[PDB]
Amino acid sequence: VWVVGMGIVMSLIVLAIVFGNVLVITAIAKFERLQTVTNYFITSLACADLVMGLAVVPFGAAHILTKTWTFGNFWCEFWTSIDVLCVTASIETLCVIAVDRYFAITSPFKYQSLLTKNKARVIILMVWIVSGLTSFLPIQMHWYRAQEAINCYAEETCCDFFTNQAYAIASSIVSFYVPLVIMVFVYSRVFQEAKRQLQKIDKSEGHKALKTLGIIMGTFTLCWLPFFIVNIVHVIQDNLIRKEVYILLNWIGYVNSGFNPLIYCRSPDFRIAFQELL
Amino acid sequence: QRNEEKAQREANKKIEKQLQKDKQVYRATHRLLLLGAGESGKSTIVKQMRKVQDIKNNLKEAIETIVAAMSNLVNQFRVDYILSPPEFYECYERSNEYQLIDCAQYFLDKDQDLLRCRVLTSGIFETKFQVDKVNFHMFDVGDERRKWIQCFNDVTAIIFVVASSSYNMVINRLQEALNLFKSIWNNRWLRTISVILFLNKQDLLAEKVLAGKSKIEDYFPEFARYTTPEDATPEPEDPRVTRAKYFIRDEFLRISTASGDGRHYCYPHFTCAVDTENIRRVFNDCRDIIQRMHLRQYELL
Amino acid sequence: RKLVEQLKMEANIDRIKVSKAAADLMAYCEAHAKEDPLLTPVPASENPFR
Amino acid sequence: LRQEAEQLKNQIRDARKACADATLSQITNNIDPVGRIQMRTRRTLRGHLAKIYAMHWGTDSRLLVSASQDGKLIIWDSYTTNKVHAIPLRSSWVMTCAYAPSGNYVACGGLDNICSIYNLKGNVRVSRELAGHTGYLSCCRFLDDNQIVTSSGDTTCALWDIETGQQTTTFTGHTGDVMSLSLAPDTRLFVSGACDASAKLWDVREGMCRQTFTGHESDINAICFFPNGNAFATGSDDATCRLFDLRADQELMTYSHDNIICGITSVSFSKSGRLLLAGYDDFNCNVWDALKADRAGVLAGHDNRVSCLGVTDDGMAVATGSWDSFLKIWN
Ligand SMILES: CN[C@@H]1CCc2c(ccc(O)c2O)[C@H]1O
C-alpha cells in the first residue's frame, strides 16, 4: 500500500512543475511590456523547465513506480538524452543570468550597448547548442553505455545510467561545476557593489541584500550539489554509493526546476501579469 | 497594384533599418535637465562643465538696469543719460534686496570675463558632451506653472543648481528655491528620477557668512539650534562658516530623504566657480544613478 | 481695463433655453445614430479592417 | 474700479442660471441606453523609439501621424501597418502634431517655440518655420493649407499665415498657459483651454472671444467640438469631464466617476457624437454616453498612460496613443 502513497506525491511534483513554468512562459509572451532583454532569458529557463517537467520527470516517475521500463531500448536512451539536456540547459541558463546581473551592476553605462535583442538570441542559442555537445553527441556515438550491469544496456526490461569514467567527470564539470564557479564569482562581486552603494548612502544620510542574494545562490546550491557531489564520486568509488541513494538525490535536483520560477519572480511586472492571468 | 504593396514593404524596410540604427544611439545617449533660478548662476556650471564685445554690450546694459532700478527702488543729467554709447559709459550694498546681475558688480567696478558674465538665452539650450562614457546630452528648459517638468520622464538625473550665497536676497530667495525643490520632489510623475544639486557660489557664501552684517539666524531661526554634523568636512575653511555650509545642505537633504525612499536620491556637491572638476563629479554621480536604479530592480537591494 | 471691456461684450449675448438646446442636441445624435460604426460594429466583410 | 467688473461677472453668472430651465439628464432619461460596448483592438501599430505625445488622423482616414519625444515623427498607414515616411526633427521635444486637410503638408509641434510645417510631397523638407512665442507650443491645427492655428504656453493663441510667416491675428486676454485647442467642422470658430480652468472660443475673423466658460476647478488639458458644431467637451486634470453647449453658455452634463481619480489627457467624440472617447491617467481609456452621462464601456488595453485619442472622419476606427510607443488602433 506504501507504493500508492508515493505515487500521489510524485504526481503532484510533475503537476507543480508544469503549471509553474507555464505561467512564466505565458506572461513573457502575452505581454509586450514584460518582454525585455533580461526577460528573454527567463523564457529559455521556462522552456527548459517546461520540457523537463513534462518529458523527463513523468517518464522517470513511471520507471520508479513500475520498477521496469516498458518502453523500447532506443526510447530509453532517447529519454536519457532529453533528461541530461534539460538539466544542462537549466543550470547553464542560471549561470547566464548571473553574467547578466553582473554586467548590469559591476559595469554600467555599457549594459544597454552590449545587450540587444539580436545579441540576446545569439547567447541563448549558444547555451542550447552547448547542450547539443553534451546530450546529442553521446547517444549518437553510444558513448554513454559502459562492465557492471553490461546486460542492463542490452536488456530492454530495465535500464540504469551506467557511464564511463571520462563522461561522468566531463559532463558534471560542464553542466554544474563550471557554471558554479562563474555564478559564485560574479555574485560575490555583485554583493560588493551593493555593500559599497549602501555604505555611500549611509555616508550622506541619517543587510537585506544578503537575504535576497542568498535565495538565488542557496536554492541552486542546495538542490543540485548533493546530486553532483555524488555524480562524480560513484564512478571513481563504485562501492561507496548505494543504488537507491543515487535516485533520491536525482529527484531532488528535478525539484529545482519546479522551484525555479519562485526564485525569479515577485517583481512588479510579473505580479501584474499574475492578476491578469487569474 | 500588388507591386505597390510590395513597393510599400521595401519603403517600410528602409524606415525600419534607419530607425534601428538610431535606436542604439538614442539608448546610448543620456538626458539631463538643468533647473535653476535667474540668480542661481546655472550658466556658470554649464560653461565650466563644457563674443566678448557682444557680452560686454549686454553687460553694459545690465549695469544700467541695476542703476535704473536702484534709483526707483529708493548729476541727475548723467543718470538720465544712462537710463535713456561713449557718453552713456562716462547700489551694490543694497543690491541684495534689489534684482541685479551677479557679475554686474564686478563689471561695474572694472580674461575669464565671458565665464564671469554670460548673455542668457530664452530658447532651450541643449548641451552635448562626452566624458569617455556614453553620450551625454544636457537640456535646459529656459514660468510658475512649470508644466514642462511633467513632460520629462526619461531623464536619468535632474540638475538643480542653487545659489547658496543668495540667502540674503529676500524678495528669502533661497527658501523660494527650496520651495520649488519640494514641488519637484513630491511630483506625482518624478517617481524614478533622482536629483543632482550644486550649492553654487560657495566662495561667495563664506564672504556673506564671514561678515556679520547679515546673519543667517535672522532668515532661519532654527540655524542657531542647528549644529554641525559630525561627518567629515573639508578644510584648508573656518568652522564658523562650515557649520553654515552644512545647514543649507541639511535643509535640502531633510526634505529630499523624508518624502520618498528608493529611486529618489539627492547628491549634494559643494562647488565653486574656479573649480572645474564638476564634469567628473556628475559622471561619478551619474554612474551611481544607474547602479541604484538597477540595485532596486530584481529586489537585490 | 481690457477685462472690463472684454466682459462688457459678454453682457450683450443672446441666450437660448437649455431645453431647446437639449432637444436639438439629442435630435442630431438620433439622426446620425444609424451612420455610425461605433454604435453598431460594421460587418466583417463591410469593415475594411477585417 | 474692479468692483464693476466683479459685479458684471456675478451678473453674467446670474444670466446663465436664469437661462437654465431643465437638466440635460432629465430630457435624456427616456432615451434608451447604448449598453455595454465590447471594444477590441483591430491593430497594434508599433515600432517607435520613445513615448509619443500626440496623434492626428488623416483626412481620408488612411494615414495618421504621431509625434514623440524621441524626435522621430513618422507617418503611419493604418491598413498595411507599415510606416510611409519618417521625418527627423530639429527639436528633440515635440508636444503636438497636425495633418493638413489636403494631406500635402504635416505640422509638427515642439517644446521650443517653433511650428515646422514639413512637406510630405521624395525628401521631406521644412516649408517654413513659425516662431515668436515666449512659451512652448502645445497644439497645432490646419484650418486650410494657408492658415495654421497654434497654441502657446505664453497664454496666447495665434494664427500663422504660411506665405506671410507672421501672425495675422493674435488672441490674448487669457490667464493660464494654453494646453489644447480644437477646430470646428465649419472652421468658423475654434476653442482653447489653459491651466486657468477657463475654456473660451474665438472667432477667426473677429479675433475676440465670444463666450467664456469657467465651470472647471482644475487645469484642463483636452477639448474637442461636437460633430454638430454647437457644443464642445473639455478634459481636465480633475476627474470630471464636462460638456458645454455654446448656445446655452453653461455646462450641460458633467461626466465624472467617483472611482476614477486620475487625470485626463485627451478627449474625442465619435462621428455621431453619441460616444465620448476620453483618455485617462489611469492607463485606461473610457467611452461614455454623451446624453445619458453614464459609462458604457471600459478599455484598458494600454500599459503606459494614453497621451492622445482621435477618430477618423469616416468614424470607422479610433486610435489612442501611449507613453509606451504603442499606437493601438481600435475599430
Ligand atoms: C538518470 N537521470 C540522470 C542521471 C545522471 C545525470 C543527469 C543529468 C545531467 C547529468 O550530467 C548527469 O550525469 C540525470 O538526469
# chains A, B, ... in the order shown; residues from 1 in each chain; ligands from 1
>>> interface_residues(of="chain A", to="chain D", cutoff="10 Å", atoms="only C-alpha atoms", output="CSV table (one decimal) with N, CA and C atoms, in the first residue's frame")
chain,number,residue,atom,x,y,z
A,31,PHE,N,2.4,39.6,-22.8
A,31,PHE,CA,2.5,41.0,-22.6
A,31,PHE,C,3.8,41.5,-23.2
A,32,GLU,N,3.8,42.5,-24.0
A,32,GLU,CA,5.0,43.0,-24.7
A,32,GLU,C,5.8,43.8,-23.7
A,33,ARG,N,5.2,44.5,-22.7
A,33,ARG,CA,5.9,45.3,-21.7
A,33,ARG,C,6.8,44.4,-20.9
>>> residues_near_ligand(ligand="ligand 1", cutoff="10 Å", atoms="only C-alpha atoms and all ligand atoms", output="JSON, numbers by chain")
{"A": [52, 56, 57, 60, 79, 80, 81, 82, 83, 84, 85, 86, 87, 88, 89, 91, 134, 135, 144, 159, 160, 161, 162, 163, 167, 168, 169, 170, 171, 172, 173, 174, 175, 176, 227, 228, 230, 231, 232, 246, 247, 249, 250, 251, 253, 254]}
>>> closest_atom_pairs(of="range 103-194 of chain D", to="range 4-28 of chain C", cutoff="12 Å", atoms="only C-alpha atoms", output="JSON lines")
{"residue": "D:172", "atom": "CA", "partner": "C:6", "partner_atom": "CA", "distance": 10.7}
{"residue": "D:173", "atom": "CA", "partner": "C:6", "partner_atom": "CA", "distance": 8.4}
{"residue": "D:174", "atom": "CA", "partner": "C:6", "partner_atom": "CA", "distance": 10.8}
>>> write_last_selection(atoms="N, CA, C and O atoms", output="PDB file, in the first residue's frame")
ATOM      1  N   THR D 172      -5.460  87.227 -27.300  1.00  0.00           N
ATOM      2  CA  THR D 172      -4.871  87.429 -25.985  1.00  0.00           C
ATOM      3  C   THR D 172      -5.969  87.526 -24.932  1.00  0.00           C
ATOM      4  O   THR D 172      -7.135  87.205 -25.180  1.00  0.00           O
ATOM      5  N   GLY D 173      -5.577  87.954 -23.737  1.00  0.00           N
ATOM      6  CA  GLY D 173      -6.517  88.163 -22.658  1.00  0.00           C
ATOM      7  C   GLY D 173      -6.876  86.916 -21.893  1.00  0.00           C
ATOM      8  O   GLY D 173      -7.930  86.883 -21.248  1.00  0.00           O
ATOM      9  N   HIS D 174      -6.038  85.890 -21.941  1.00  0.00           N
ATOM     10  CA  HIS D 174      -6.352  84.597 -21.358  1.00  0.00           C
ATOM     11  C   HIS D 174      -5.324  84.295 -20.274  1.00  0.00           C
ATOM     12  O   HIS D 174      -4.135  84.586 -20.439  1.00  0.00           O
TER      13      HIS D 174
END
>>> interface_residues(of="chain A", to="chain B", cutoff="8 Å", atoms="only C-alpha atoms", output="PyMOL selection string")
chain A and resi 104-105+108-110+112-113+194+197+205+208-209+212-213+267
>>> write_last_selection(atoms="N, CA and C atoms", output="mmCIF file, in the first residue's frame")
data_model
loop_
_atom_site.group_PDB
_atom_site.id
_atom_site.type_symbol
_atom_site.label_atom_id
_atom_site.label_comp_id
_atom_site.auth_asym_id
_atom_site.auth_seq_id
_atom_site.Cartn_x
_atom_site.Cartn_y
_atom_site.Cartn_z
ATOM 1 N N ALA A 104 25.136 44.298 -15.423
ATOM 2 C CA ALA A 104 24.265 45.430 -15.128
ATOM 3 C C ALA A 104 24.790 46.249 -13.956
ATOM 4 N N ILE A 105 25.303 45.586 -12.927
ATOM 5 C CA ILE A 105 25.728 46.275 -11.714
ATOM 6 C C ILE A 105 27.200 46.660 -11.775
ATOM 7 N N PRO A 108 28.151 49.323 -15.414
ATOM 8 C CA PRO A 108 27.041 50.063 -16.025
ATOM 9 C C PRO A 108 27.516 50.947 -17.164
ATOM 10 N N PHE A 109 26.597 51.701 -17.768
ATOM 11 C CA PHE A 109 26.831 52.585 -18.907
ATOM 12 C C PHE A 109 27.219 51.820 -20.164
ATOM 13 N N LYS A 110 27.313 50.492 -20.100
ATOM 14 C CA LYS A 110 27.536 49.667 -21.274
ATOM 15 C C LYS A 110 26.538 48.528 -21.399
ATOM 16 N N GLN A 112 23.265 48.684 -21.847
ATOM 17 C CA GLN A 112 22.355 48.947 -22.955
ATOM 18 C C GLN A 112 23.030 48.688 -24.295
ATOM 19 N N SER A 113 24.302 49.072 -24.424
ATOM 20 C CA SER A 113 25.000 48.893 -25.692
ATOM 21 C C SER A 113 25.335 47.428 -25.948
ATOM 22 N N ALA A 194 26.742 46.134 -3.959
ATOM 23 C CA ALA A 194 25.629 46.502 -3.090
ATOM 24 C C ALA A 194 26.127 47.026 -1.750
ATOM 25 N N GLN A 197 27.466 50.585 -2.350
ATOM 26 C CA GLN A 197 26.398 51.558 -2.555
ATOM 27 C C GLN A 197 25.659 51.852 -1.256
ATOM 28 N N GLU A 205 23.426 60.366 4.877
ATOM 29 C CA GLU A 205 22.064 60.228 5.369
ATOM 30 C C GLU A 205 22.096 59.787 6.824
ATOM 31 N N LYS A 208 19.672 43.588 4.093
ATOM 32 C CA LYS A 208 18.623 42.940 3.315
ATOM 33 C C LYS A 208 19.132 42.414 1.980
ATOM 34 N N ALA A 209 20.259 42.932 1.488
ATOM 35 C CA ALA A 209 20.809 42.441 0.230
ATOM 36 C C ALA A 209 21.276 40.998 0.356
ATOM 37 N N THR A 212 18.222 38.403 0.109
ATOM 38 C CA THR A 212 17.722 38.133 -1.235
ATOM 39 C C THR A 212 18.790 37.531 -2.140
ATOM 40 N N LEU A 213 20.067 37.835 -1.898
ATOM 41 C CA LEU A 213 21.125 37.200 -2.676
ATOM 42 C C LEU A 213 21.328 35.753 -2.254
ATOM 43 N N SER A 267 8.665 40.290 -8.925
ATOM 44 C CA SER A 267 8.836 41.621 -9.476
ATOM 45 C C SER A 267 7.469 42.246 -9.752
#
>>> residues_around(residues="range 182-188 of chain A", least_positions_apart="5", cutoff="6 Å", atoms="only C-alpha atoms", output="PyMOL selection string")
chain A and resi 95+98+102
>>> residues_around(residues="residue 47 in chain D", least_positions_apart="4", cutoff="8 Å", atoms="only C-alpha atoms", output="ChimeraX atom specification")
/B:16 /D:325-326
>>> interface_residues(of="chain B", to="chain D", cutoff="8 Å", atoms="only C-alpha atoms", output="ChimeraX atom specification")
/B:8-9,11-12,15-16,19,23,26,122-124,145
>>> write_last_selection(atoms="N, CA, C and O atoms", output="short mmCIF file (atom, residue, chain, number, x, y, z; two decimals), in the first residue's frame")
data_model
loop_
_atom_site.label_atom_id
_atom_site.label_comp_id
_atom_site.auth_asym_id
_atom_site.auth_seq_id
_atom_site.Cartn_x
_atom_site.Cartn_y
_atom_site.Cartn_z
N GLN B 8 5.67 49.18 -51.07
CA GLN B 8 5.50 49.75 -49.74
C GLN B 8 6.31 48.99 -48.71
O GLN B 8 6.83 49.58 -47.75
N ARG B 9 6.43 47.67 -48.88
CA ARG B 9 7.23 46.87 -47.96
C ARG B 9 8.70 47.28 -48.02
O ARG B 9 9.37 47.37 -46.98
N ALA B 11 9.88 50.25 -48.86
CA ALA B 11 9.98 51.53 -48.18
C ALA B 11 9.90 51.36 -46.67
O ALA B 11 10.60 52.06 -45.92
N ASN B 12 9.05 50.45 -46.20
CA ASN B 12 8.98 50.17 -44.77
C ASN B 12 10.30 49.62 -44.25
O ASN B 12 10.73 49.96 -43.14
N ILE B 15 12.75 52.40 -43.60
CA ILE B 15 12.42 53.14 -42.38
C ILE B 15 12.80 52.33 -41.15
O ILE B 15 13.38 52.86 -40.19
N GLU B 16 12.47 51.04 -41.14
CA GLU B 16 12.83 50.19 -40.00
C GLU B 16 14.34 50.09 -39.85
O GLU B 16 14.86 50.11 -38.72
N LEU B 19 15.50 53.46 -38.45
CA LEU B 19 15.14 53.60 -37.04
C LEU B 19 15.99 52.70 -36.16
O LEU B 19 16.35 53.08 -35.03
N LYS B 23 18.21 53.62 -32.80
CA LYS B 23 17.80 53.07 -31.51
C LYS B 23 18.99 52.88 -30.58
O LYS B 23 18.91 53.18 -29.39
N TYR B 26 20.17 56.45 -29.54
CA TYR B 26 19.28 57.04 -28.55
C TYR B 26 19.44 56.38 -27.19
O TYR B 26 19.46 57.07 -26.16
N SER B 122 16.70 82.90 -24.19
CA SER B 122 15.34 82.49 -23.86
C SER B 122 15.06 81.06 -24.32
O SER B 122 14.35 80.32 -23.64
N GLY B 123 15.61 80.67 -25.47
CA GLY B 123 15.33 79.36 -26.01
C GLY B 123 16.00 78.24 -25.23
O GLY B 123 16.86 78.46 -24.38
N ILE B 124 15.58 77.02 -25.54
CA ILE B 124 16.14 75.85 -24.88
C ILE B 124 17.56 75.63 -25.36
O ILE B 124 17.82 75.53 -26.57
N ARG B 145 3.83 77.79 -13.68
CA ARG B 145 3.16 76.50 -13.86
C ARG B 145 4.16 75.35 -13.91
O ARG B 145 3.94 74.30 -13.30
#
>>> closest_atom_pairs(of="chain D", to="chain C", cutoff="8 Å", atoms="only C-alpha atoms", output="Markdown table")
| residue | atom | partner | partner_atom | distance |
| --- | --- | --- | --- | --- |
| D:4 | CA | C:4 | CA | 7.9 |
| D:5 | CA | C:4 | CA | 5.4 |
| D:8 | CA | C:7 | CA | 7.3 |
| D:9 | CA | C:7 | CA | 7.4 |
| D:12 | CA | C:11 | CA | 6.7 |
| D:19 | CA | C:17 | CA | 5.8 |
| D:20 | CA | C:18 | CA | 5.3 |
| D:21 | CA | C:18 | CA | 6.1 |
| D:22 | CA | C:19 | CA | 5.8 |
| D:23 | CA | C:19 | CA | 7.6 |
| D:24 | CA | C:22 | CA | 6.0 |
| D:27 | CA | C:22 | CA | 7.1 |
| D:28 | CA | C:26 | CA | 7.7 |
| D:34 | CA | C:39 | CA | 7.6 |
| D:42 | CA | C:49 | CA | 7.0 |
| D:79 | CA | C:49 | CA | 6.6 |
| D:173 | CA | C:3 | CA | 7.4 |
| D:210 | CA | C:10 | CA | 7.2 |
| D:211 | CA | C:10 | CA | 6.8 |
| D:228 | CA | C:28 | CA | 7.0 |
| D:245 | CA | C:21 | CA | 7.6 |
| D:247 | CA | C:16 | CA | 6.2 |
| D:248 | CA | C:18 | CA | 5.8 |
| D:249 | CA | C:15 | CA | 7.6 |
| D:270 | CA | C:38 | CA | 7.3 |
| D:271 | CA | C:36 | CA | 6.3 |
| D:272 | CA | C:32 | CA | 5.2 |
| D:273 | CA | C:29 | CA | 6.3 |
| D:274 | CA | C:29 | CA | 6.2 |
| D:275 | CA | C:38 | CA | 7.8 |
| D:291 | CA | C:26 | CA | 7.2 |
| D:315 | CA | C:36 | CA | 6.6 |
| D:316 | CA | C:37 | CA | 5.9 |
| D:317 | CA | C:38 | CA | 7.7 |
| D:331 | CA | C:49 | CA | 7.6 |
>>> write_last_selection(atoms="C-alpha atoms", output="mmCIF file, in the first residue's frame")
data_model
loop_
_atom_site.group_PDB
_atom_site.id
_atom_site.type_symbol
_atom_site.label_atom_id
_atom_site.label_comp_id
_atom_site.auth_asym_id
_atom_site.auth_seq_id
_atom_site.Cartn_x
_atom_site.Cartn_y
_atom_site.Cartn_z
ATOM 1 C CA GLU D 4 -17.861 96.936 -11.552
ATOM 2 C CA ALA D 5 -16.221 94.010 -13.355
ATOM 3 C CA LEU D 8 -20.640 92.322 -14.057
ATOM 4 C CA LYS D 9 -19.097 88.869 -13.588
ATOM 5 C CA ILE D 12 -23.083 87.114 -16.096
ATOM 6 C CA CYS D 19 -31.212 80.729 -18.809
ATOM 7 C CA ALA D 20 -31.451 77.182 -17.397
ATOM 8 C CA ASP D 21 -34.886 75.548 -17.218
ATOM 9 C CA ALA D 22 -34.450 71.754 -17.353
ATOM 10 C CA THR D 23 -31.475 69.493 -16.742
ATOM 11 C CA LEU D 24 -29.995 67.671 -19.723
ATOM 12 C CA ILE D 27 -34.509 65.149 -21.030
ATOM 13 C CA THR D 28 -32.274 62.174 -21.863
ATOM 14 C CA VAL D 34 -26.423 52.395 -25.586
ATOM 15 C CA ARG D 42 -8.129 45.630 -34.521
ATOM 16 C CA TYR D 79 -4.445 49.287 -43.177
ATOM 17 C CA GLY D 173 -6.517 88.163 -22.658
ATOM 18 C CA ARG D 210 -17.438 85.254 -27.864
ATOM 19 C CA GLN D 211 -18.195 83.210 -24.734
ATOM 20 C CA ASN D 228 -22.991 69.258 -34.716
ATOM 21 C CA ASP D 245 -23.097 73.999 -25.421
ATOM 22 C CA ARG D 247 -25.822 78.351 -27.265
ATOM 23 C CA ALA D 248 -26.560 77.726 -23.574
ATOM 24 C CA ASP D 249 -23.330 79.340 -22.236
ATOM 25 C CA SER D 270 -17.407 59.726 -32.214
ATOM 26 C CA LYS D 271 -18.683 60.510 -35.701
ATOM 27 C CA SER D 272 -22.296 60.539 -34.484
ATOM 28 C CA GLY D 273 -21.304 62.137 -31.174
ATOM 29 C CA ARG D 274 -23.020 59.510 -29.025
ATOM 30 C CA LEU D 275 -19.732 58.144 -27.669
ATOM 31 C CA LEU D 291 -26.636 62.083 -23.372
ATOM 32 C CA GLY D 315 -15.771 57.276 -37.992
ATOM 33 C CA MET D 316 -14.605 53.737 -38.758
ATOM 34 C CA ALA D 317 -11.947 53.425 -36.053
ATOM 35 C CA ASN D 331 -12.051 49.507 -34.528
#
